[PDB]
């Protein structure tokens, strides 16, 4: 039984081809999480890991409406409750986004969250980046392995085996190693990208803009 709500949610999202409607319904309930950081990165925890929530322009305006005396970029060490949220997979540059892995990211889209100001939470272990967790990294590796293996079994065909005469009697035979390079799919670039899941899309605000909106 998974104790980490985030780990479970994100895991099922991946094991379900990024389809959020296929993930258990008994998991789409309000999320009460501790705010580890708010700037330059807004990171919340579920008691075991931390994740980066992506607020919609609507969510922030609603927030500033019901809570005028509260700045989001100052919710550090405070607790929040996301009543309406959704998940979706996105292709990113893991070299720049530390909340991702293998150029893939599971985003926590926040539509509505209430700030339970001054609510002390129970003591927990030090929160760690979910996309740095051994099991979760492996889960994502399983995701790509399944996508890659499917793509290859569809791209490679005809059993174009190296002619045995090439590796036999190779006394006076020289060859370039790149000859063993085979294209995995019909991908456009040099990076594999033949995935079946449909990359979710949703306008989200950069933590920097919400900073200026509260202090030019």
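Rigid core: the largest C-alpha set superposing within 1.5 Å between the two forms. Positions refer to the first chain, counted from 1.
- In summary, of the stretches 117-125 and 101-109, 117-125 shows the greater Cα distance from the shown form in 9 other deposited structures of this protein, with structures fitted on the rigid core.
- The question of which stretch, 153-161 or 54-62, has the higher mean Cα B factor is settled in favour of 54-62.
- Just going by the entry, 23-31 versus 45-53 on mean CA temperature factor gives the higher value to 23-31.
- Each of 105, 119, 96, 134 has a CA temperature factor in the record; the biggest one is found at 119.
- Compared with the other modelled residues of the chain, the Cα B-factor recorded for residue 172 ranks in the middle third.
- Per the PDB record, residue ranking by Cα B-factor puts residue 201 in the highest third of the chain.
- Among all modelled residues in this chain, the alpha-carbon of residue 100 has a temperature factor (C-alpha) in the lowest third.
- Among the modelled residues of its chain, residue 124 has a C-alpha B-factor that falls in the middle third according to the deposited record.
- Ranked by C-alpha B-factor against the other modelled residues of its chain, residue 181 falls in the lowest third.
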